[PDB]
Amino acid sequence: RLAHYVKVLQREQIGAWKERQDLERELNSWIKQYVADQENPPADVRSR
Amino acid sequence: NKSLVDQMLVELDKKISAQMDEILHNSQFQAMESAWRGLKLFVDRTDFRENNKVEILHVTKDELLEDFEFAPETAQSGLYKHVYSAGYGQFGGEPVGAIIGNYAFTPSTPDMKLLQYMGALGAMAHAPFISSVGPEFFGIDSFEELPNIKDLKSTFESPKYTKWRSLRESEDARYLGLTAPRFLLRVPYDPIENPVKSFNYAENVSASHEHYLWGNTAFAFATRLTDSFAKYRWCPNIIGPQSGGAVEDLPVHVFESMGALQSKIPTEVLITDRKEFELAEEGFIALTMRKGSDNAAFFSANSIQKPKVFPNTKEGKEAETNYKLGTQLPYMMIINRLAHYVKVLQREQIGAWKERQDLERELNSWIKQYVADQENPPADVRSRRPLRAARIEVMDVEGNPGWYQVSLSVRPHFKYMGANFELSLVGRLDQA
Amino acid sequence: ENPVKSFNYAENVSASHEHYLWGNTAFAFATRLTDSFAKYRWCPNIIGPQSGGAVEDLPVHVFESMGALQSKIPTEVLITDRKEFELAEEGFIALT
Amino acid sequence: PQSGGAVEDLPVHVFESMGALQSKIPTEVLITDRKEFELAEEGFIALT
Amino acid sequence: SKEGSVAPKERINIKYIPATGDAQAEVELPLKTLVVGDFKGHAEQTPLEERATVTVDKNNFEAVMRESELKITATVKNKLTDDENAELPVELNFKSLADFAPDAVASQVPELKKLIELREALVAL
Amino acid sequence: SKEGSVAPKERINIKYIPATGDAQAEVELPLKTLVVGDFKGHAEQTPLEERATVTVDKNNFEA
Numbered sequence: 397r398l399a400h401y402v403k404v405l406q407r408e409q410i411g412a413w414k415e416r417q418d419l420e421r422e423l424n425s426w427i428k429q430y431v432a433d434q435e436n437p438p439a440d441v442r443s444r
Numbered sequence: 061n062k063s064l065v066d067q068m069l070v071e072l073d074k075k076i077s078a079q080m081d082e083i084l085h086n087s088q089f090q091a092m093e094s095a096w097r098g099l100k101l102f103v104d105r106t107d108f109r110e111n112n113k114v115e116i117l118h119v120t121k122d123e124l125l126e127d128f129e130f131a132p133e134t135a136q137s138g139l140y141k142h143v144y145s146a147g148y149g150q151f152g153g154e155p156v157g158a159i160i161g162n163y164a165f166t167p168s169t170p171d172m173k174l175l176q177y178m179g180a181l182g183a184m185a186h187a188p189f190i191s192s193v194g195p196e197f198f199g200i201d202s203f204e205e206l207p208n209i210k211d212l213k214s215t216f217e218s219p220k221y222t223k224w225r226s227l228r229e230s231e232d233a234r235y236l237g238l239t240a241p242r243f244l245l246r247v248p249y250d251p252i253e254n255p256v257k258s259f260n261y262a263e264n265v266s267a268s269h270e271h272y273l274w275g276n277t278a279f280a281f282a283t284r285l286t287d288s289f290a291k292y293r294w295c296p297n298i299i300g301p302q303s304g305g306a307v308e309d310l311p312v313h314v315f316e317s318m319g320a321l322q323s324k325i326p327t328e329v330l331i332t333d334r335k336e337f338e339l340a341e342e343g344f345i346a347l348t349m350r351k352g353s354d355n356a357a358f359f360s361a362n363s364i365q366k367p368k369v370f371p372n373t374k375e376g377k378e379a380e381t382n383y384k385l386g387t388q389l390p391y392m393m394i395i396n397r398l399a400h401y402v403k404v405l406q407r408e409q410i411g412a413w414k415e416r417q418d419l420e421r422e423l424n425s426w427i428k429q430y431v432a433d434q435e436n437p438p439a440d441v442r443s444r445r446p447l448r449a450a451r452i453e454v455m456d457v458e459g460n461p462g463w464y465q466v467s468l469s470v471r472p473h474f475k476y477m478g479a480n481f482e483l484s485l486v487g488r489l490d491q492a
Numbered sequence: 253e254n255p256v257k258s259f260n261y262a263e264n265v266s267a268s269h270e271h272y273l274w275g276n277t278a279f280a281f282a283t284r285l286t287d288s289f290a291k292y293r294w295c296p297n298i299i300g301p302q303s304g305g306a307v308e309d310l311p312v313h314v315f316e317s318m319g320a321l322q323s324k325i326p327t328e329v330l331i332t333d334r335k336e337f338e339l340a341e342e343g344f345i346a347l348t
Numbered sequence: 301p302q303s304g305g306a307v308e309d310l311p312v313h314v315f316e317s318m319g320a321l322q323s324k325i326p327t328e329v330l331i332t333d334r335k336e337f338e339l340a341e342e343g344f345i346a347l348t
Numbered sequence: 002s003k004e005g006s007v008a009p010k011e012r013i014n015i016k017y018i019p020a021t022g023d024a025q026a027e028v029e030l031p032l033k034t035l036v037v038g039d040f041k042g043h044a045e046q047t048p049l050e051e052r053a054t055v056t057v058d059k060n061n062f063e064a065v066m067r068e069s070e071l072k073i074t075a076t077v078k079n080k081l082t083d084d085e086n087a088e089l090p091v092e093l094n095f096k097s098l099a100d101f102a103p104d105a106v107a108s109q110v111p112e113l114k115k116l117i118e119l120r121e122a123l124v125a126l
Numbered sequence: 002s003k004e005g006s007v008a009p010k011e012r013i014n015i016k017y018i019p020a021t022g023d024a025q026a027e028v029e030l031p032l033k034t035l036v037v038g039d040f041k042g043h044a045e046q047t048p049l050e051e052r053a054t055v056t057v058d059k060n061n062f063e064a
């Protein structure tokens with residue numbers, strides 16, 4: 397699913413003014429969307 | 061002897077009524093009648109002593125397109141001149157609050173294009189364009205088959221709706237609003253319920269419900285806007301049975317069923333909550349009928365515009381919140397009136413000695429006029445003062461002294477528009 | 253509205269609005285300059301509805317339209333905000 | 301698509317297929333990403 | 002002039018001035034709606050930018066209809082006989098909403114009007 | 002057009018702009034599965050690349 401999201405969402409960004417660290421910044425903020433880095437998140441949160 | 065004479069009268073009237081039905085059920089005739097009858101229905105439910113006004117402009121859909129296609133740009137269209145130029149853009153004039161179009165739209169490319177132009181116009185003038193949808197938009201013969209539609213969302217995936225789908229993604233779609241089923245304007249003629257003089261006319265509605273004088277729901281919605289304004293001088297109270305989106309006093313018509321009696325529903329169908337919600341998701345304004353009564357209600361007034369999805373983060377969810385407020389007419393009406401007040405009142409200030417922070421000071425004191433930032437203001441106060449918070453920043457246009465760049469952001473009170481409930485039995489609950 | 257003695261004269265303005273006694277706007281602008289000076293001994297307060305660029309008390313003339321009534325606009329036309337701005341860009345002083 | 305090379309509002313044309321419905325593609329063909337890239341390599345500007 | 006008049010300057014000058022401070026007076030804006038639609042039975046030759054709008058309210062609604070002048074030229078099935086090829090063309094005129102009642106429809110259609118006259122004659126028995 | 006329309010420039014210009022900041026809107030992707038198998042009693046003459054797929058759901062399965 398990650399592969400699928402990257403393929404789609406990155407095509408939308410083609411032609412934008414992006415320097416190397418711009419991608420690092422944005423890609424980091426994006427992947428955080430699916431991260432649950434809590435001490436002890438409940439199984440429901442861990443699932444989504 | 062007289063008995064036979066009476067029978068002659070019976071047969072005479074029978075024949076006369078047969079003919080009378082043809083004129084009264086004529087599509088050209090009904091077009092004319094429903095237009096003017098629906099217009100009065102609107103007019104006489106307003107209150108002209110509350111600074112409400114209305115103007116009539118005779119235009120067909122075909123010649124709207126004629127004009128929009130003829131002109132080189134929308135700024136030179138005839139309608140633009142009537143709406144924007146002679147009003148909003150004229151010193152000493154006044155701005156059009158909203159435009160009610162007495163039309164039914166299909167998925168046809170001409171209809172789509174017309175909506176595109178009306179969206180542009182509304183955006184420029186800061187006034188919404190309201191109209192209605194035809195039955196065939198949903199692939200059905202009449203609105204009486206809406207119960208047979210298993211899934212509207214999936215229906216709209218057809219190639220048939222390509223242009224409509226693109227329309228819903230435009231930033232101008234916020235100024236478009238279309239309503240769903242029609243509603244009755246007139247109870248059928250009847251010796252008891254709706255008698256006429258001399259001629260003993262009894263109107264005979266056939267199997268086709270198109271014999272009924274259906275009217276354009278947009279006008280019902282228009283009266284909602286008027287009432288809110290009449291009471292508060294603002295238009296957000298238009299989406300609830302109790303809030304002000306209730307349409308009261310609809311026509312009724314009891315007739316024989318399968319040996320029983322039943323009343324023709326004031327709207328073509330009795331919309332279920334699930335069906336209504338589906339229509340809301342697809343950007344339609346559905347007037348729903350309160351079962352067993354003569355009352356209907358607009359549960360929401362979403363615009364044509366489809367909401368955007370953002371990443372599930374603090375910031376992304378805030379973006380969603382903001383965008384969705386934009387997609388709903390009860391909030392856009394607030395912005396629209398604010399725009400109108402700014403345009404007028406600022407022109408009066410042109411030529412005054414104002415430095416950057418002078419505008420911030422004054423604009424702040426002005427916007428506070430419509431803010432109700434109390435712990436718990438009553439709904440009446442919330443109505444007349446729709447805003448909860450507001451922020452204003454003023455910058456300078458560099459290299460152009462006397463010109464400024466102003467940003468105005470507001471947080472309106474929220475409407476109650478849905479909720480999920482979890483019920484649970486429990487022992488040893490803390491005692492309330 | 254504007255009677256004369258003895259002779260029952262009713263002036264008939266034709267289709268040509270040049271029958272109206274039009275006047276040179278420069279004089280209106282000149283009074284703006286005067287007012288500012290009269291009040292402050294300086295002349296910058298001449299460019300606004302409230303600031304001092306307002307021309308008050310223009311002549312009016314109601315006459316029959318297409319069965320309705322309308323007044324001859326004190327200026328030849330009713331200038332729109334966009335049109336006014338255009339004229340401003342081209343260095344003209346438009347009395348709106 | 302987002303930078304400004306997007307062409308919006310193309311003509312559509314739904315017509316009968318093999319008993320189904322389909323729209324004539326606004327461009328003669330539906331160019332794939334790989335095909336587009338190939339054309340790019342050969343110095344062509346492909347509107348996809 | 003909205004400036005306010007004063008007398009020529011003397012040793013003692015007295016002027017009334019309303020204490021509004023620096024408050025900026027403002028004008029209430031009406032809610033005006035524009036109803037656009039096919040209110041006649043035909044399109045107009047006049048260009049959209051030329052045809053004018055009409056202000057409507059409770060005290061002149063009927064007057065507006067009268068002035069707008071409504072007319073319907075249309076053909077319906079003639080059911081006063083037993084012939085499928087029989088058609089009836091009518092020319093209806095409206096001045097007010099009352100004119101859409103069957104009573105008025107009959108009065109403007111001779112083919113029915115005469116039958117109403119007949120009805121009354123029969124009733125007179 | 003998704004650009005958003007504005008009027009010609011005047012002394013006072015007013016425009017509604019949605020505060021989405023720099024957040025990049027995104028599209029939810031469906032979960033689509035492809036069921037491949039011998040659903041008829043015979044092989045088709047049509048080439049694999051030519052024969053088309055059929056979308057199936059609860060409201061049209063029998064159809």
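Chains as they are written, first to last, in PDB author numbering: chain P, 397 to 444; chain B, 61 to 492; chain N, 253 to 348; chain b, 301 to 348; chain A, 2 to 126; chain O, 2 to 64. We put the beta carbon where it would ideally sit given N, CA and C, even for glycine.
Listing by chain order, which chain O residues have their CB less than 9 Å from the CB of residue i?
i: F337(N); result: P9, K10, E11 and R12
Verify the CB distance criterion: does residue i have a CB-CB separation below 9 Å to chain b?
i: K366(B); result: no
i: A412(P); result: yes
i: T169(B); result: yes
What's the gap between the Cα of residue i and the Cα of residue j?
i: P301(b); j: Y391(B); result: 31 Å
i: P326(b); j: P219(B); result: 13 Å
i: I410(P); j: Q491(B); result: 60 Å
i: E51(O); j: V37(O); result: 15 Å
i: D23(O); j: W413(P); result: 14 Å
i: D354(B); j: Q79(B); result: 31 Å
i: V329(B); j: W274(B); result: 13 Å
Is there at least one Cβ from chain A nearer than 9 Å to residue i's Cβ?
i: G305(B); result: no
i: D309(N); result: yes
Figure out for me which residue from the options has the closest Cα to the Cα of residue i.
i: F337(N); options: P19(O), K10(O) and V55(O); result: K10(O)
i: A53(A); options: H271(N), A320(N) and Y272(N); result: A320(N)
i: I252(B); options: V314(B), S168(B) and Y476(B); result: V314(B)
i: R228(B); options: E270(B), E378(B) and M172(B); result: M172(B)
i: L339(B); options: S360(B), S353(B) and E328(B); result: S360(B)
i: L123(A); options: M68(B), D456(B), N362(B) and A282(B); result: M68(B)
i: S268(N); options: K324(N), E341(N) and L330(N); result: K324(N)
i: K100(B); options: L245(B), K74(B), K121(B) and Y144(B); result: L245(B)
i: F358(B); options: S202(B), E129(B), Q417(B) and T239(B); result: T239(B)
Could you confirm whether any beta carbon from chain B is found closer than 9 Å to the beta carbon of residue i?
i: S2(A); result: no
i: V28(O); result: yes
i: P31(O); result: no
i: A20(O); result: yes
i: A24(O); result: yes
i: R334(N); result: yes
I want to verify the contact list: residues of chain B whose CB lies under 9 Å from the CB of residue i, in sequence order.
i: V314(b); result: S218, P219, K220 and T222
i: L321(b); result: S218, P219 and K220
Give me the chain E residues within the contact set of residue i, using Cβ-Cβ distance strictly less than 9 Å, ordered along the chain.
i: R407(B); result: Among the chains of the structure shown, chain E does not appear; the protein chains present are P, B, N, b, A and O.
Let me see if you follow: with CB-CB separation under 9 Å, is residue i close to chain O or not?
i: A158(B); result: no
Please list the partners that residue i has in chain A, where partner means a Cβ-to-Cβ separation under 7 Å.
i: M92(B); result: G42, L71 and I73
Is the CB of residue i under 9 Å away from at least one CB in chain N?
i: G149(B); result: yes
Does chain P have any CB closer than 9 Å to the CB of residue i?
i: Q46(O); result: no
Residues of chain A with CB closer than 9 Å to the CB of residue i, please, in chain order.
i: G138(B); result: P48, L49, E50, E51 and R52
Quick one: list the residues of chain O neighbouring residue i, beta-carbon separation under 8 Å, in chain order.
i: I395(B); result: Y17
- Members of the segment 363-393 of chain B near chain P, C-beta cut-off 9 Å: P371, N372, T373, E375 and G376
- Message: To be precise: take each residue of the segment 418-432 of chain P, compare its Cβ to all Cβ atoms of chain O, and keep it if any distance is under 7 Å. Which residues remain?
- Response: none
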